[PDB]
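Structure first, commentary second.
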Amino acid sequence: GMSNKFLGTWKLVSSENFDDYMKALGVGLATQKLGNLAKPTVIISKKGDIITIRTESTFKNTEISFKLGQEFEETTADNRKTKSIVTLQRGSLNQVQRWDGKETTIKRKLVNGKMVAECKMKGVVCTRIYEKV
Ligand SMILES: CCCCCCCCCCCCCCCC(=O)O
């Protein structure tokens with residue numbers, strides 16, 4: 001099961017290739033500029049076997065509740081109606097969003113008490129590091 005070291009509140013402290021990740025999904029040019037400046041706070045809670053990942057920003061807010069391996073509907077920060085699944089692999093929390101015959105993965109790993117986020121999309125690789133607060 002998901003390591004409870006994921007639980008807590010994480011604050012973004014480093015972003016790489018996110019600008020290109022955003023652009024690579026079709027994110028509106030207005031929603032783009034505001035995402036390159038956002039430093040969201042991420043809160044991972046649990047309530048039995050349901051995992052909730054909240055994304056709190058000044059700009060926007062998002063939130064997803066799910067069970068591992070079970071497909072759910074997600075509406076993304078940039079308004080994408082996706083059909084996502086979250087799986088566990090070697091301790092990494094891999095989320096995959098599918099829509100319009102497209103697909104992207106968000107692997108959330110832990111590295112030295114800090115959470116790393118690998119976002120893939122058509123050869124684009126974003127990397128965001130998160131510090132527990
Ligand atoms: C997460 C900032 C929201 C504002 C920017 C909107 C366009 C981004 C769309 C996809 C969400 C980004 C996923 C990376 C977040 C993470 O690593 O926790």
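We name chains A, B, ... following the order of the structure tokens; residues begin at 1 in each chain, and ligands are numbered from 1 as shown.
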Subject >> At most 8 Å from ligand 1 (only C-alpha atoms and all ligand atoms): residue list as a PyMOL selection string >> reply: chain A and resi 18+22+25+27+31-32+34-36+38-40+42+55+57+59-62+76-78+106+108+116-119+127-129
Residues from the last selection, C-alpha atoms, saved as a PDB file, in the first residue's frame:
ATOM      1  CA  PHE A  18       6.908  22.604 -16.650  1.00  0.00           C
ATOM      2  CA  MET A  22       1.976  22.774 -20.101  1.00  0.00           C
ATOM      3  CA  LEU A  25      -0.903  19.428 -23.545  1.00  0.00           C
ATOM      4  CA  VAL A  27      -3.110  24.481 -22.248  1.00  0.00           C
ATOM      5  CA  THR A  31      -3.696  29.475 -18.346  1.00  0.00           C
ATOM      6  CA  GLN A  32      -0.041  28.986 -19.328  1.00  0.00           C
ATOM      7  CA  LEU A  34      -0.308  31.849 -14.766  1.00  0.00           C
ATOM      8  CA  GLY A  35       0.963  28.290 -14.319  1.00  0.00           C
ATOM      9  CA  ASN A  36       4.597  29.231 -14.876  1.00  0.00           C
ATOM     10  CA  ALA A  38       2.239  29.268  -9.588  1.00  0.00           C
ATOM     11  CA  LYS A  39       3.931  27.442  -6.691  1.00  0.00           C
ATOM     12  CA  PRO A  40       1.079  25.195  -5.521  1.00  0.00           C
ATOM     13  CA  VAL A  42      -0.149  19.809  -2.340  1.00  0.00           C
ATOM     14  CA  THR A  55      -3.697  21.142  -4.993  1.00  0.00           C
ATOM     15  CA  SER A  57      -2.876  27.626  -5.300  1.00  0.00           C
ATOM     16  CA  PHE A  59      -4.471  31.017  -8.824  1.00  0.00           C
ATOM     17  CA  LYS A  60      -6.471  27.775  -8.903  1.00  0.00           C
ATOM     18  CA  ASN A  61      -7.490  24.779  -6.805  1.00  0.00           C
ATOM     19  CA  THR A  62      -7.931  21.107  -7.685  1.00  0.00           C
ATOM     20  CA  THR A  76      -7.796  19.008 -14.528  1.00  0.00           C
ATOM     21  CA  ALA A  77      -6.553  22.465 -13.557  1.00  0.00           C
ATOM     22  CA  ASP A  78      -6.615  23.315 -17.291  1.00  0.00           C
ATOM     23  CA  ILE A 106       2.429  11.851 -13.380  1.00  0.00           C
ATOM     24  CA  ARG A 108       5.065  10.986  -7.740  1.00  0.00           C
ATOM     25  CA  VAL A 116       9.582  14.371  -6.762  1.00  0.00           C
ATOM     26  CA  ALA A 117       7.025  14.566  -9.577  1.00  0.00           C
ATOM     27  CA  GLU A 118       7.854  13.242 -13.059  1.00  0.00           C
ATOM     28  CA  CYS A 119       5.326  14.464 -15.642  1.00  0.00           C
ATOM     29  CA  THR A 127      10.274  17.603 -12.924  1.00  0.00           C
ATOM     30  CA  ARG A 128       8.877  19.220  -9.775  1.00  0.00           C
ATOM     31  CA  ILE A 129      10.336  18.755  -6.282  1.00  0.00           C
TER      32      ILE A 129
END
**OP:** Please run DSSP on the backbone and report, as an MDAnalysis selection string, all residues within region 1-123 of chain A that come out as strand (DSSP E or B).
**Re:** chainID A and resid 8:16 41:46 51:56 61:66 72:75 81:89 92:99 102:111 114:121
Subject >> region 84-98 of chain A surroundings by only C-alpha atoms, 7 Å radius, close-in-sequence under 3 positions cut, as a list in words >> reply: residues 2, 3, 68, 69, 70, 71, 72, 73, 74, 101, 102, 103, 104, 105, 106, 107, 108 and 109 of chain A
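Residues in contact with residue 26 (chain A) at up to 12 Å, not including ones fewer than 2 positions away on its chain and judged by only C-alpha atoms, are residues 19, 20, 21, 22, 23, 24, 28, 29, 30, 31, 32, 78, 79, 80, 100, 102, 121 and 122 of chain A.
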How would the residues just picked look written out with C-alpha atoms as a compact mmCIF listing (two decimals), in the first residue's frame?
# COMPACT_ATOMS: atom_id res chain seq x y z
CA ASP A 19 6.51 25.47 -19.13
CA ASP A 20 7.05 23.00 -21.97
CA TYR A 21 4.90 20.34 -20.29
CA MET A 22 1.98 22.77 -20.10
CA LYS A 23 2.39 23.92 -23.71
CA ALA A 24 2.62 20.27 -24.78
CA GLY A 28 -4.57 27.88 -23.10
CA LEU A 29 -2.03 30.66 -23.48
CA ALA A 30 -3.75 32.51 -20.64
CA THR A 31 -3.70 29.48 -18.35
CA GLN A 32 -0.04 28.99 -19.33
CA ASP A 78 -6.62 23.32 -17.29
CA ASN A 79 -10.13 21.87 -17.79
CA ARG A 80 -9.42 18.45 -19.30
CA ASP A 100 -9.17 12.45 -26.78
CA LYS A 102 -4.17 11.16 -25.72
CA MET A 121 3.71 13.89 -22.24
CA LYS A 122 4.82 13.12 -25.80
**OP:** In Å, rounded to a single decimal, give me how far CA of residue 51 (chain A) is from CA of residue 81 (chain A).
**Re:** 19.7 Å
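Counting from CA of residue 52 (chain A), the distance to CA of residue 33 (chain A) is 27.1 Å.
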